[PDB]
């Protein structure tokens, strides 16, 4: 393909929740462009990453159900172990720019991830929108401060 469309749903401790739209991913000469067509989100910047597993299912951790835990960690085929954002090749390949949410809860602003070059790199993985933001660092909080997983979609094929 030259584009793909990822449906995004809210992540619940019990499974999958409300559909909040889709994200269209296209290839550009500068990398992958993520153009959201979403609603249902808190205004501001949200952590936004490709995660390793093609699942948005919840999982148990320290006694409690965690929404979208089965998506696994940030996509990291080079096993860097480091959350350094979309502009640093020393960290997770799955680190995308923060998702920008408008005051009415829609997300429309397009996001360029220059380190990703082909839609093939997304196949068999998941897209994640977090409750918190992303300062592209593991300091002062791990994983950019994204925290909990709010919405999720699977890229199959």
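Residue numbers count along the first chain shown, from 1.
60 to 68 and 26 to 34 differ in mean CA B-factor, and the higher of the two is recorded for 60 to 68.
When 115 to 123 is weighed against 43 to 51, 115 to 123 comes out higher, by mean CA B-factor as recorded in the entry. Looking at the C-alpha B-factors along this chain, the one for residue 142 belongs to the lowest third. In the PDB entry, a CA B factor belonging to the lowest third of its chain's modelled residues is recorded for residue 95. Among the modelled residues of its chain, residue 83 has a C-alpha B-factor that falls in the middle third according to the deposited record. The deposited CA B-factor of residue 21 belongs to the middle third of values across its chain.
The entry lists a Cα temperature factor for residue 155 that places it in the highest third of the chain's modelled residues.
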